[PDB]
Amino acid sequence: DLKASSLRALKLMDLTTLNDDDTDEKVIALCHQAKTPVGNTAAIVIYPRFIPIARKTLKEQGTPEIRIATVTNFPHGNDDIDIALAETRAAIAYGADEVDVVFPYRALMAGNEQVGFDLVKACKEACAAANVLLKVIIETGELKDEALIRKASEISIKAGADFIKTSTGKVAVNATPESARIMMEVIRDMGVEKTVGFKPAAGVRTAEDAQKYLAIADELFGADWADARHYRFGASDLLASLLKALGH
């Protein structure tokens, strides 16, 4: 089953490079990696400044259907909506297909439930007006407590998140199977599985990991639920493991 799981995970991957030393050449190489011998990843994830050259690279290699995702309010998740919205508008103008925005998780931990709602909603409004999907990163490894993880997921969903995403990859603790279960249970309990996807990020490293995460989705929503609109692997390291499991 591991081989079948690995191809499924590959076709759901948000193949990521988000490094301080990123260059145009590193992003072009990433676009080439996204076109694998066994099929294409769902998307790439890059800083907003690399969207235009990534678009041309994906087009010229014959994979314009690989989506371009990016990050905003990132990685800090500050509570300044004007800044988060301006970055989101810039990402749209660069050409993003998808924006992964960081939820203001420290403000929620400090007792501000409203700002996360208002921030997600403002960014969702800009994205939806551009036919851009909005993922919300809640930073589970900083929230830590299950109740806060549920609360942040719930606020994000009510404010219009198209995906909820565990982590930035820029803190020590990122996706865990337990954090994934909690957030997917929020999707389940709210009844929003048709409109809200799930994205574990930065914690999924091996083909075995990816199978475990997809098993949670299959168990909660049925094996047909986890398609590209409802599940992605945010990963900068996993692709080589999945290709190894597939004999490539």
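In case it trips you up, residue 1 is the first one in the sequence shown, and so on.
(Q) Tell me which stretch, 152-160 or 174-182, has the higher mean Cα B-factor listed in the entry. (A) Per the PDB record, 174-182.
Q) So which stretch wins on mean C-alpha B-factor, 67-75 or 137-145? A) In the deposited entry, the stretch with the higher C-alpha B-factor mean is 137-145.
Q. For the listed residues 235, 12, 240, 18, which one has the largest C-alpha B-factor as given in the deposited model?
A. Of the candidates given, the C-alpha B-factor peaks at 240.
Q. Highest Cα B-factor in the PDB entry belongs to which of 220, 187, 54, 42?
A. Each of 220, 187, 54, 42 was compared by C-alpha B-factor; the highest is 220.
Q) Thinking about Cα B factors across the chain, which third does residue 46 belong to? A) It falls in the bottom third of the chain.
Q: Determine, from the deposited record, the chain-internal third of the Cα B-factor for residue 210: lowest, middle or highest.
A: Highest third.
Q: Select lowest, middle or highest to describe the third in which the CA B-factor of residue 113 falls within its chain in this entry.
A: Its C-alpha B-factor, which the entry lists for residue 113, ranks in the highest third among residues of this chain.
(Q) Using the temperature factors of the C-alpha atoms in this entry, rank residue 31 within its chain: lowest, middle or highest third. (A) It belongs to the middle third of the chain when residues are ordered by C-alpha B-factor.
Q.
Test of reading the entry: by CA B factor among the chain's modelled residues, which third contains residue 202?
A. It belongs to the highest third of the chain when residues are ordered by C-alpha B-factor.
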